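Working notes, beginning with the structure itself.
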Amino acid sequence: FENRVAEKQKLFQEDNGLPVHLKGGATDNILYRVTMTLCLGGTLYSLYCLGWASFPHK
Amino acid sequence: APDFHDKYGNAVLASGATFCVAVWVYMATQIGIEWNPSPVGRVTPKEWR
Amino acid sequence: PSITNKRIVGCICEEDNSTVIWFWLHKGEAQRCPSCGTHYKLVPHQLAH
Amino acid sequence: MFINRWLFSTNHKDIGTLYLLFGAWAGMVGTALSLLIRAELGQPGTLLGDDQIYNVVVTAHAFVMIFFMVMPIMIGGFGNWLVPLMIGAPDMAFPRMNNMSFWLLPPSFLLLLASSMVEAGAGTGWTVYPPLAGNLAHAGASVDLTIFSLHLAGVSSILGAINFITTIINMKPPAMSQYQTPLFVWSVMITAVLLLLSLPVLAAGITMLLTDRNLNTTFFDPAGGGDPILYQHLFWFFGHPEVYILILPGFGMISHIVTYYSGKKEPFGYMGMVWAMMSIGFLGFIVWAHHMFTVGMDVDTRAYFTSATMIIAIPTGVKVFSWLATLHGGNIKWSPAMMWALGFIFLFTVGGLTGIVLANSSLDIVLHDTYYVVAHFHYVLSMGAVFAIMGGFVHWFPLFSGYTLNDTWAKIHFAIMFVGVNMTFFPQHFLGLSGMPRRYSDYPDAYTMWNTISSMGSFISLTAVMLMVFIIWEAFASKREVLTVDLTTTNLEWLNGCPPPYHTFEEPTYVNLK
Amino acid sequence: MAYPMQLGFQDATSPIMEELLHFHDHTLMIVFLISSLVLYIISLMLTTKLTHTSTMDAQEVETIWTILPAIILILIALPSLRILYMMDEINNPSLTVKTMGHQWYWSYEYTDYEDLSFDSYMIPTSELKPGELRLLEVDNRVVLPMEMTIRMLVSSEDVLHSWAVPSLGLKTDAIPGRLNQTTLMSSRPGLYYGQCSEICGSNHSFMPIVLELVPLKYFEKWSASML
Amino acid sequence: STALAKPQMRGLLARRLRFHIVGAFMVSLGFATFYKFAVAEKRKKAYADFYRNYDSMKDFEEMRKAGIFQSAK
Amino acid sequence: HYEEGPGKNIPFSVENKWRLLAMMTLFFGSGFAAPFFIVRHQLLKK
Amino acid sequence: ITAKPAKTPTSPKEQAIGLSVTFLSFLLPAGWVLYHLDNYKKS
Amino acid sequence: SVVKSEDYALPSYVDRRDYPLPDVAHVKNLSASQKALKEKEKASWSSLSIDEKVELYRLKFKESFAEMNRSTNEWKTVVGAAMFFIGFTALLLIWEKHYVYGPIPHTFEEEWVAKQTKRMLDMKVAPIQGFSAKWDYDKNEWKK
Amino acid sequence: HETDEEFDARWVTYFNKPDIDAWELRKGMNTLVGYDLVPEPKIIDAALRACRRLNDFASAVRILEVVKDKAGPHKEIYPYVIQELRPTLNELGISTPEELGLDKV
Amino acid sequence: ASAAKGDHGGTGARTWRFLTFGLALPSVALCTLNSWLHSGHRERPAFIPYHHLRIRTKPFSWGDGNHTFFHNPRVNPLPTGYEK
Ligand SMILES: CCCCCCCCCCCCCCCCCC(=O)OCC(COC(=O)CCCCCCCCCCCCCCCCC)OC(=O)CCCCCCCCCCCCCCCCC
Ligand SMILES: CCCCCCCCCCCCCCCCCC(=O)OCC(COC(=O)CCCCCCCCCCCCCCCCC)OC(=O)CCCCCCCCCCCCCCCCC
Ligand SMILES: CCCCCCCCCCCCCCCCCC(=O)OCC(COC(=O)CCCCCCCCCCCCCCCCC)OC(=O)CCCCCCCCCCCCCCCCC
Ligand code: HEA
Ligand code: HEA
Ligand SMILES: CCCCC/C=C\C/C=C\C/C=C\C/C=C\CCCC(=O)O[C@H](COC(=O)CCCCCCCCCCCCCCCCC)COP(=O)(O)OCCN
Ligand SMILES: CCCCC/C=C/C/C=C\CCCCCCCC(=O)O[C@H](COC(=O)CCCCCCCCCCCCCCC)COP(=O)(O)OCC[N+](C)(C)C
Ligand SMILES: CCCCCC/C=C\CCCCCCCCCC(=O)O[C@H](COC(=O)CCCCCCCCCCCCCCC)COP(=O)(O)OC[C@@H](O)CO
Ligand SMILES: CCCCCCCCCCO[C@@H]1OC(CO)[C@@H](O[C@H]2O[C@@H](CO)[C@@H](O)[C@H](O)[C@@H]2O)[C@H](O)[C@H]1O
Ligand SMILES: CCCCCCCCCCO[C@H]1O[C@H](CO)[C@@H](O[C@H]2O[C@@H](CO)[C@@H](O)[C@H](O)[C@@H]2O)[C@@H](O)[C@H]1O
Ligand SMILES: C[C@H](CCC(=O)O)[C@H]1CC[C@@H]2[C@H]3[C@H](O)C[C@@H]4C[C@@H](O)CC[C@]4(C)[C@@H]3C[C@@H](O)[C@@]21C
Ligand SMILES: C[C@H](CCC(=O)O)[C@H]1CC[C@H]2[C@@H]3[C@H](O)C[C@@H]4C[C@H](O)CC[C@]4(C)[C@H]3C[C@H](O)[C@]12C
Ligand SMILES: C[C@H](CCC(=O)O)[C@H]1CC[C@H]2[C@@H]3[C@H](O)C[C@@H]4C[C@H](O)CC[C@]4(C)[C@H]3C[C@H](O)[C@]12C
Ligand code: CUA
Ligand SMILES: [Cu+2]
Ligand SMILES: [Mg+2]
Ligand code: NA
Ligand SMILES: [Zn+2]
């Protein structure tokens with residue numbers, strides 16, 4: 001392996017106004033959208049489950 | 001120059017106190033609330049056995 | 001030192017005082033701590049060339 | 001921009017605001033629950049149902065008031081807002097982790113609400129003692145949702161504690177020693193240390209209850225060689241420190257309020273105040289068994305716990321007399337905040353004193369699990385903690401919002417609340433001495449008068465809570481913008497204006513070492 | 001039992017409860033003195049136009065307000081601990097009775113000689129005989145001999161409960177898998193009431209305790225006839 | 001056309017505090033003496049008086065004749 | 001960057017005092033009402 | 001503390017409105033549930 | 001005279017008993033007449049008229065000690081309004097007793113209480129001080 | 001600490017410094033009123049004179065107001081101090097708060 | 001553990017003096033209180049000439065060779081029993 005930290009330093013210090021979590025590129029965007037979708041979708045689903053468990057099924 | 005308190009202070013105090021006493025006395029004696037006071041000096045013991 | 005016109009100064013008047021005296025120090029003539037009178041003078045900017 | 005600011009925040013002020021909002025909402029829930037309790041006890045007989053629905057209400061009232069109202073407001077709200085400003089720091093040490101401590105609360109609250117929605121709720125008491133809280137006497141998801149709620153609130157507070165201790169130790173100006181930081185900052189650090197040490201034990205204990213309920217472990221089940229009393233030790237080892245965690249930030253705010261409205265540049269006996277809070281924090285870890293005087297412990301163990309418990313009166317006494325000594329010779333400003341602080345000093349003292357009565361294991365035999373205990377803790381919590389929160393809220397509201405409240409309305413609010421809480425809890429001393437048990441949905445006829453008066457007092461408090469919402473509305477509706485504040489030389493948090501800008505102390509303060 | 005508008009403790013029925021009443025009077029006086037002293041001082045600090053806002057020295061007055069409370073705490077602890085140890089004194093009972101807590105009633109066992117045992121349920125309000133106390137009466141009372149040292153053993157067969165009789169100064173938790181001991185000694189004959197003192201579910205408020213203290217002779221006959 | 005005499009000008013706050021702290025102490029003593037008579041002593045005498053010539057059998061007989069007992073009719 | 005100053009450092013708007021009163025009413029009202037409706041929920045199950 | 005005059009003064013009439021609306025938002029929903037308590041208890 | 005929001009970093013004026021001499025003068029900008037008065041002030045004060053002296057004072061300070069220390073009628077409004085709200089609370093309690101609370105247990109009826117009271121006296125409830133001690137068993141009535 | 005005479009002397013000296021500036025005048029009075037005492041006429045004398053040297057009449061009157069305030073309920077201290085300062089008030093042309101109608105609310 | 005207090009910004013002389021007078025000495029004062037309370041001479045037990053106690057395989061190099069170095073007549077019996 002070779003030291004490529006300088007390349008990464010250049011990329012992450014590039015004045016493009018992007019927040020650190022999206023500054024790596026398009027992949028950051030995708031991973032973020034996947035994470036957030038699972039979180040919010042999963043939360044809606046948990047609310048639905050609460051609604052189901054709240055009532056007796058005799 | 002007179003403020004809210006100089007103009008309305010006496011009235012707020014007078015009618016506030018009057019309203020308070022009136023409604024609390026009504027609630028305490030005219031609506032069927034059971035205070036369950038001590039029988040001492042007020043109840044005449046009656047045979048139970 | 002300051003990179004602007006004014007900077008907050010905290011003055012611990014005597015060693016071991018638990019109370020710190022805070023005040024804005026403005027560009028211009030030296031100002032004095034409201035508690036002990038020691039003088040402070042703002043010497044503005046730079047840092048980044 | 002809205003989402004980035006309010007959902008993705010890394011700003012101590014905004015995060016403190018979120019906490020204040022969350023705590024205010026929780027306070028409404030907790031107040032409603034307290035009204036249901038007092039409605040049920042307002043007249044002899046049954047109103048809602050048996051002890052199950054009643055105790056689900058009692059249990060939730062406690063969890064909401066403690067975990068969702070008091071802690072978030074004092075530590076998350078005032079702590080986040082004021083700590084960085086008081087030490088001239090640009091923000092908290094871990095601004096991103098700080099945001100997670102906040103966001104763990106809504107989910108935690110949702111789990112608590114879920115537990116009362118499913119099955120028959122968790123009517124176990126906030127102490128959640130097994131076997132009543134076990135899988136046979138409380139079968140179903142309710143108790144499990146309650147344990148999970150506590151886990152999330154626990155993680156939130158532990159991470160919050162790590163953040164506060166780090167910020168306070170590492171981010172003061174280079175010249176400022178720990179003995180040059182304001183008392184409120186001291187109160188928060190000590191509280192954070194108590195949280196860091198106590199919550200993990202609670203977590204261990206409720207995890208064991210969880211496994212006993214779902215993985216067939218038997219930590220608290222005698223059939224497997226377990227012991228229900230083990231749970232009590234684990235719970236109370238956290239439980240006592242918890243009550244000091246609830247009052248310490250309050251003591252800190254009281255010191256600031258009393259000093260400020262006495263027109264003083266400093267509180268009387270600063271080092272004695274630091275010593276007192278540290279002692280209280282320390283002693284608070286070696287007295288837990290005073291919550292177990294009737295479980296059947298050896299007499300020597302009981303003599304020790306009686307003795308250790310009473311010692312705390314000494315450091316607490318130094319604080320009370322120091323607050324009075326701060327008022328001494330002051331140019332007293334009779335503001336609404338001062339009123340809350342004066343009420344706190346007196347009412348907290350009364351509550352502390354009845355605590356000393358309860359410390360005596362001999363007497364506690366008769367007072368335990370009766371309304372004498374309920375009277376004690378509501379004087380220190382519903383009057384102590386709450387008055388400190390109200391005082392701090394009216395004092396700092398102009399700083400956080402940039403607007404002033406109407407002082408007359410605020411003084412009216414104080415008067416109503418003062419009458420309400422005293423009418424509610426004072427009679428409970430009589431009910432306790434005479435033997436009325438805790439957690440009862442109905443009581444023998446002889447207890448009717450005091451229960452009736454207590455429930456009426458609770459309605460007066462409700463009127464005060466409703467008035468407070470109106471008062472806050474009126475402030476935001478009228479928009480009277482703050483101009484000047486007195487005593488900024490000894491109250492750094494006000495030095496950047498009202499409200500301070502999003503980023504404060506970008507250029508740190510200048511403090512000579514000499 | 002408690003009577004309407006009661007302010008303090010139920011009248012003492014045992015020598016130990018009498019002891020607690022005097023200890024509480026002692027403690028309460030201190031509570032009143034300290035709380036009124038604090039209220040007084042607050043008013044004193046707030047009623048003067050005179051001022052002194054400069055730095056005030058504290059290492060002098062703090063000796064006073066550290067030593068004084070320390071002394072007061074010792075003055076409370078002494079009689080408190082004397083009573084504590086007194087309750088633990090070896091007394092050697094003449095009778096041992098056991099009580100098991102259940103959801104939601106108490107069962108009793110007098111098994112010194114015969115194997116006597118029975119359940120004790122609260123009399124439903126709809127079923128009270130005229131003059132009987134709501135929520136406090138039970139079908140089978142705990143008949144016990146007066147002026148005698150009795151050993152009560154408490155436990156439970158399900159969740160936690162707590163066996164209490166305020167007039168006797170008693171409260172002993174009923175824990176499953178554990179046998180807690182307490183001693184009972186009534187100075188007088190009569191009926192003495194108490195209520196479950198540990199949250200145990202649905203009917204926690206409705207599982208009272210009623211002691212019936214009678215002379216030894218009657219205790220014995222009762223024993224026999226309850227076989 | 002008379003002059004005014006030099007009034008005390010120093011330590012007026014402290015002087016006030018001392019006077020009232022001493023008065024508070026006097027009142028505490030007076031309260032202690034009152035309480036240890038209207039409550040403490042009263043309680044000791046009430047119990048001592050009640051049990052001095054107390055007859056437990058006579059008391060029981062009265063209760064039995066009134067029919068309060070389940071085991072003694 | 002974000003808006004700063006009185007009425008701008010909060011997640012809700014105070015531009016209109018009546019719209020604000022509606023917000024606050026829903027906010028605090030929903031909190032206070034929740035326990036009553038949960039109690040109603042528990043009573044209507046059995 | 002010194003402050004500027006209200007930017008949008010709230011007159012006594014306005015305050016009565018805010019107070020009443022505030023009180024009603026708390027009282028109405030709870031009052032409704034409490035009123036129908038018996039209808040809930042057995043149904 | 002007129003203060004602004006962004007002036008929080010600048011010394012300000014305050015009327016306080018324990019800070020008699022504020023950091024700034026009440027009025028900093030002076031008219032033709034006012035600047036003339038400050039010049040007159042450099043000469044003997046005896047040559048100053050009462051009205052000139054009071055003008056000098058009002059340039060320097062906002063309120064005098066007597067004005068800043070005046071008491072008010074605010075307490076009337078506070079106490080009166082508190083009582084109005086506590087009174088309003090009684091209305092809520094009236095509403096509750098009427099629409100929420102059902103009848104109380106039959107054990108509270110006058111006859112029941114009379115019997116229950118005799119029974120409590122028969123079992124000698126609180127004979128030392130609390131209850132039965134208040135009944136004269138000889139004269140068969142409540143001790144006078 | 002120190003004797004009453006030494007404290008007084010120290011404050012008389014402070015206000016008697018010829019070139020005392022406005023800041024030092026305010027600092028001295030604002031500090032002095034923090035103590036548990038009504039300053040001696042001799043200290044007030046020196047401070048009033050400093051006001052003269054600073055051409056500050058308004059502060060001279062404020063100083064007399066603070067002296068009356070510091071006495072609190074003891075209505076006999078101000079009349080006596082004003083008595084003792086009469087020569088100086090006359091000399092410098094200092095009208096008391098009363099004479100200016102500054103004592104009416 | 002982490003105790004229950006705080007400082008740590010810089011543990012120096014002032015902090016250790018704070019601990020000496022605010023924690024350490026008060027603890028010694030409490031233990032001194034407790035000790036000079038639970039004291040009082042507890043009644044000495046009946047003498048039993050146990051063979052594993054009051055050992056004498058060689059006389060002591062002091063006194064009469066039969067008394068231990070810090071012999072207390074009140075509580076230390078000789079091999080033959082308590083002293084007069
Ligand atoms: C609301 C219901 C009131 C019912 C009143 C009694 C009726 C008696 C009939 C008829 C009376 C005579 C016949 C019966 C005698 C029974 C004696 C008994 O068995 O004796 C024991 C009993 C009865 O004790 C008494 O002997 C009653 C004492 C009442 C003290 C009241 C202070 C009240 C202040 C303001 C009003 C209350 C609300 C605010 C309270 C605020 C906190 C105190 O039980 C207690 O121990 C209850 C108190 C528990 C401890 C609280 C400690 C700190 C309290 C106050 C410090 C205030 C200092 C400044 C001075 C006070 C400043 C405000
Ligand atoms: C639950 C919330 C309901 C909200 C309903 C209304 C929504 C309208 C939307 C929209 C109509 C368009 C309006 C745009 C601007 C205003 C509204 C907005 O979107 O704003 C949204 C904001 C603000 O909320 C508002 O919108 C109402 C604000 C009322 C403000 C009162 C201020 C009170 C005084 C002092 C406060 C502290 C600071 C003081 C000093 C000054 C600041 C430092 O919230 C936040 O982003 C996060 C707040 C977190 C803390 C709140 C409670 C979390 C509660 C429960 C967990 C529940 C578990 C399940 C429980 C489930 C149910 C049983
Ligand atoms: C030398 C010794 C003898 C001295 C004799 C007096 C001499 C005085 C000289 C000199 C004394 C100082 C004089 C100057 C003070 C400033 C006067 C002014 O320019 O400013 C105007 C100020 C003046 O303030 C005052 O001035 C009176 C203040 C009263 C404050 C009470 C605060 C209580 C806080 C905590 C309570 C527990 C501890 C209490 C401690 C209380 C200490 C006073 O503001 C008010 O007028 C508004 C507030 C009034 C209502 C207060 C709350 C009531 C709470 C609970 C009961 C509700 C009853 C109604 C509803 C009832 C429903 C049933
Ligand atoms: C902080 C804790 C807290 C607070 C404030 C209160 C407040 C109140 N509590 Fe308490 N309560 C507990 C904690 C608390 N309680 C606990 C721990 C238990 C034991 C539970 C158990 O046994 O398991 C309990 C139990 C309990 C019982 C005994 C139940 C039983 O044994 O059967 C009763 C009975 O009356 C009661 C009543 C009340 C009432 C009427 C109030 C009223 O005073 C409430 C009035 C309203 C307020 C004081 C809230 C105001 C605050 C805000 C709304 C925030 C405002 C926002 C900002 C300023 C930003 N409570
Ligand atoms: C804010 C919360 C808070 C605080 C600060 C305290 C403080 C104290 N508490 Fe309290 N306590 C609770 C909340 C709190 N408590 C709760 C929630 C419960 C019930 C939990 C449950 O079961 O659900 C409880 C229960 C409880 C018990 C258990 C009773 C039982 O269940 O049978 C005991 C036992 O000793 C006790 C003691 C004390 C003591 C001695 C203090 C001391 O810290 C107080 C010290 C203060 C003073 C003494 C006053 C000021 C001092 C002076 C003016 C100096 C002079 C004084 C003397 C010389 C005495 N508390
Ligand atoms: C006050 C607390 C401090 C303790 C020491 C102070 C005074 C004693 C004198 C020297 C002690 C030094 C080291 C300890 C050696 C032997 C144990 C002594 C501990 C002691 O002092 O024990 C006493 C016995 O005294 C005895 O025989 C002691 C007889 C004295 C003779 C000493 C014998 C010397 C032997 C030393 C061996 C040296 C080898 C060391 C080598 C080091 C490494 C090469 C106990 O008294 P007692 O009456 O039996 O019981 C009390 C009943 N009321
Ligand atoms: C169980 C309950 C226990 C009960 C509590 C008992 C309370 C204690 C009662 C009295 C304390 C007596 C302290 C005596 C101090 C003298 C006060 C004084 O006068 O205050 C200052 C001393 O400084 C100083 O100690 C600093 C100022 C004063 C320091 C002490 C004041 C605080 C006193 C407490 C305030 C009341 C709270 C009481 C708490 C219950 C004044 O300074 P000097 O005169 O040198 O300078 C003035 C210049 N000269 C020289 C020209 C006059
Ligand atoms: C029933 C099941 C319950 C489950 C509950 C689960 C709760 C949360 C789960 C998800 C949380 C994981 C996400 C990662 C968290 C990492 C926090 C972290 O790593 O935080 C760091 C600080 O804490 C530090 O160092 C040191 C501290 C490191 C803390 C690591 C976080 C772990 C969270 C769990 C804690 C459990 C408590 C343990 C005791 C029982 C970094 O601070 P930031 O503010 O980010 O940045 C500051 C910048 O200057 C960095 O350049
Ligand atoms: C502890 C917190 C609670 C405090 C107490 C609440 C104070 C009173 C609130 C009033 O609320 C209501 O009052 C009613 C009666 O006055 C109801 O009307 C109801 O009753 C009727 C009239 O009798 C009918 O017209 C309608 O059908 C109706 O449902 C009603 O729904 C409810 O909103
Ligand atoms: C590694 C470090 C250790 C090094 C060795 C330690 C040395 C210990 C020295 C002990 O010496 C002693 O010896 C004695 C014995 O002779 C004592 O006197 C005594 O002994 C007597 C002689 O018979 C009697 O006359 C007296 O009563 C008296 O108690 C005696 O007080 C003591 O000083
Ligand atoms: C490639 C690298 C040399 C430094 C470099 O990258 O330029 C070498 C040096 C030491 C490392 C090795 C270390 O010797 C430890 C390991 C030993 C081997 O048994 C397996 C791989 C092993 C896990 C490592 C893999 C190897 O690729 C490393 C990473
Ligand atoms: C309560 C706890 C046991 C918890 C458990 O059973 O799991 C025990 C463990 C050690 C005990 C302590 C130690 O045994 C030392 C002390 C012994 C004394 O007899 C009483 C206090 C004393 C300080 C004890 C109090 C209490 O009984 C402790 C703290
Ligand atoms: C030494 C330390 C800090 C002093 C300083 O560096 O400023 C001070 C602060 C608080 C003091 C303590 C508190 O004042 C409480 C106690 C008061 C008694 O007068 C002596 C012991 C007492 C326990 C004090 C000992 C010591 O003087 C402490 C601990
Ligand atoms: Cu059995 Cu509670
Ligand atoms: Cu505790
Ligand atoms: Mg219990
Ligand atoms: Na009920
Ligand atoms: Zn300084």
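Ordering of the structure tokens sets the chain letters (A, B, ...), residue numbers begin anew at 1 in every chain, and ligands are numbered from 1 in the order given.
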So that each row is one residue of chain D with an atom at most 9 Å from ligand 7, can you give its shortest atom pair and the distance in Å to one decimal, using only C-alpha atoms and all ligand atoms, rows by chain and rising number, as a Markdown table?
| residue | atom | partner | partner_atom_place_in_ligand_line | distance |
| --- | --- | --- | --- | --- |
| D:268 | CA | ligand 7 | 32 (C) | 8.1 |
| D:317 | CA | ligand 7 | 1 (C) | 7.8 |
| D:318 | CA | ligand 7 | 39 (C) | 8.8 |
| D:320 | CA | ligand 7 | 39 (C) | 7.8 |
| D:321 | CA | ligand 7 | 39 (C) | 4.3 |
| D:322 | CA | ligand 7 | 39 (C) | 6.9 |
| D:323 | CA | ligand 7 | 37 (C) | 7.9 |
| D:324 | CA | ligand 7 | 37 (C) | 4.9 |
| D:325 | CA | ligand 7 | 35 (C) | 3.9 |
| D:326 | CA | ligand 7 | 35 (C) | 7.4 |
| D:327 | CA | ligand 7 | 35 (C) | 7.8 |
| D:328 | CA | ligand 7 | 35 (C) | 5.3 |
| D:329 | CA | ligand 7 | 35 (C) | 8.3 |
Those same residues, written as a PDB file, in the first residue's frame with N, CA, C and O atoms?
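Listing of again.pdb after writing:
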ATOM      1  N   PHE D 268     -22.926  34.106  48.778  1.00  0.00           N
ATOM      2  CA  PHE D 268     -22.181  34.032  50.019  1.00  0.00           C
ATOM      3  C   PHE D 268     -21.486  32.670  50.132  1.00  0.00           C
ATOM      4  O   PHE D 268     -22.084  31.635  49.810  1.00  0.00           O
ATOM      5  N   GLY D 317     -27.720  22.061  54.916  1.00  0.00           N
ATOM      6  CA  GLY D 317     -27.935  23.189  55.799  1.00  0.00           C
ATOM      7  C   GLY D 317     -27.009  24.345  55.450  1.00  0.00           C
ATOM      8  O   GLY D 317     -27.426  25.502  55.499  1.00  0.00           O
ATOM      9  N   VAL D 318     -25.759  24.048  55.097  1.00  0.00           N
ATOM     10  CA  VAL D 318     -24.818  25.100  54.717  1.00  0.00           C
ATOM     11  C   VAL D 318     -25.366  25.857  53.505  1.00  0.00           C
ATOM     12  O   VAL D 318     -25.266  27.087  53.449  1.00  0.00           O
ATOM     13  N   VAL D 320     -28.595  26.230  52.555  1.00  0.00           N
ATOM     14  CA  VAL D 320     -29.757  27.015  52.926  1.00  0.00           C
ATOM     15  C   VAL D 320     -29.361  28.306  53.619  1.00  0.00           C
ATOM     16  O   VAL D 320     -29.802  29.381  53.216  1.00  0.00           O
ATOM     17  N   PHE D 321     -28.476  28.208  54.605  1.00  0.00           N
ATOM     18  CA  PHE D 321     -28.029  29.383  55.335  1.00  0.00           C
ATOM     19  C   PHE D 321     -27.198  30.317  54.470  1.00  0.00           C
ATOM     20  O   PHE D 321     -27.219  31.530  54.685  1.00  0.00           O
ATOM     21  N   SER D 322     -26.507  29.767  53.470  1.00  0.00           N
ATOM     22  CA  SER D 322     -25.704  30.583  52.551  1.00  0.00           C
ATOM     23  C   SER D 322     -26.626  31.388  51.630  1.00  0.00           C
ATOM     24  O   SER D 322     -26.289  32.506  51.232  1.00  0.00           O
ATOM     25  N   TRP D 323     -27.756  30.798  51.234  1.00  0.00           N
ATOM     26  CA  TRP D 323     -28.729  31.512  50.400  1.00  0.00           C
ATOM     27  C   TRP D 323     -29.319  32.680  51.218  1.00  0.00           C
ATOM     28  O   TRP D 323     -29.529  33.780  50.698  1.00  0.00           O
ATOM     29  N   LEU D 324     -29.602  32.424  52.493  1.00  0.00           N
ATOM     30  CA  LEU D 324     -30.140  33.462  53.362  1.00  0.00           C
ATOM     31  C   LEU D 324     -29.069  34.530  53.552  1.00  0.00           C
ATOM     32  O   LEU D 324     -29.378  35.724  53.538  1.00  0.00           O
ATOM     33  N   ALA D 325     -27.809  34.103  53.682  1.00  0.00           N
ATOM     34  CA  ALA D 325     -26.699  35.042  53.872  1.00  0.00           C
ATOM     35  C   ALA D 325     -26.419  35.846  52.604  1.00  0.00           C
ATOM     36  O   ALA D 325     -25.761  36.888  52.656  1.00  0.00           O
ATOM     37  N   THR D 326     -26.900  35.358  51.463  1.00  0.00           N
ATOM     38  CA  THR D 326     -26.728  36.078  50.203  1.00  0.00           C
ATOM     39  C   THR D 326     -27.802  37.177  50.150  1.00  0.00           C
ATOM     40  O   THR D 326     -27.579  38.251  49.586  1.00  0.00           O
ATOM     41  N   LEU D 327     -28.980  36.884  50.701  1.00  0.00           N
ATOM     42  CA  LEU D 327     -30.068  37.860  50.748  1.00  0.00           C
ATOM     43  C   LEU D 327     -29.683  38.981  51.713  1.00  0.00           C
ATOM     44  O   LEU D 327     -30.056  40.135  51.524  1.00  0.00           O
ATOM     45  N   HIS D 328     -28.956  38.610  52.757  1.00  0.00           N
ATOM     46  CA  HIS D 328     -28.520  39.528  53.799  1.00  0.00           C
ATOM     47  C   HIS D 328     -27.793  40.762  53.266  1.00  0.00           C
ATOM     48  O   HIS D 328     -26.761  40.648  52.598  1.00  0.00           O
ATOM     49  N   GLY D 329     -28.352  41.933  53.557  1.00  0.00           N
ATOM     50  CA  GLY D 329     -27.759  43.180  53.117  1.00  0.00           C
ATOM     51  C   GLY D 329     -27.991  43.511  51.658  1.00  0.00           C
ATOM     52  O   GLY D 329     -27.438  44.483  51.135  1.00  0.00           O
TER      53      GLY D 329
END
- Message: Would you pick out the contacts of range 76-83 of chain K at 9 Å or less, using only C-alpha atoms, so that residues sharing its chain but fewer than 4 positions from it are not included, and give the list as a ChimeraX atom specification?
- Response: /K:47-50,53-56,66-68,71-72
- Message: Could you go through range 7-208 of chain D and tell me which residues DSSP, when run on the backbone, assigns to alpha helix (DSSP H), listing them as a PyMOL selection string?
- Response: chain D and resi 12-41+51-63+71+80-86+95-103+105-117+142-170+183-208
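Residues of protein or nucleic acid lying within 9 Å of ligand 12, counting only C-alpha atoms and all ligand atoms, are residues 229, 230, 231, 233, 234, 286, 287, 288, 289, 297, 298, 299, 300, 301, 302, 303, 304 and 305 of chain D.
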- Message: Using only C-alpha atoms, which protein or nucleic acid residues come within 12 Å of residue 23 in chain A? Drop anything in the same chain fewer than 6 positions from it, and give the result as a list in words.
- Response: residues 8, 9, 10, 11, 12, 13, 14, 15, 16, 17, 29 and 32 of chain A
- Item | Residue contacts of residue 10 in chain G (9 Å, only C-alpha atoms) excluding same-chain residues fewer than 3 positions away, as a VMD selection string | (chain D and resid 6 14 17 to 18 401) or (chain G and resid 6 to 7 13 to 14)
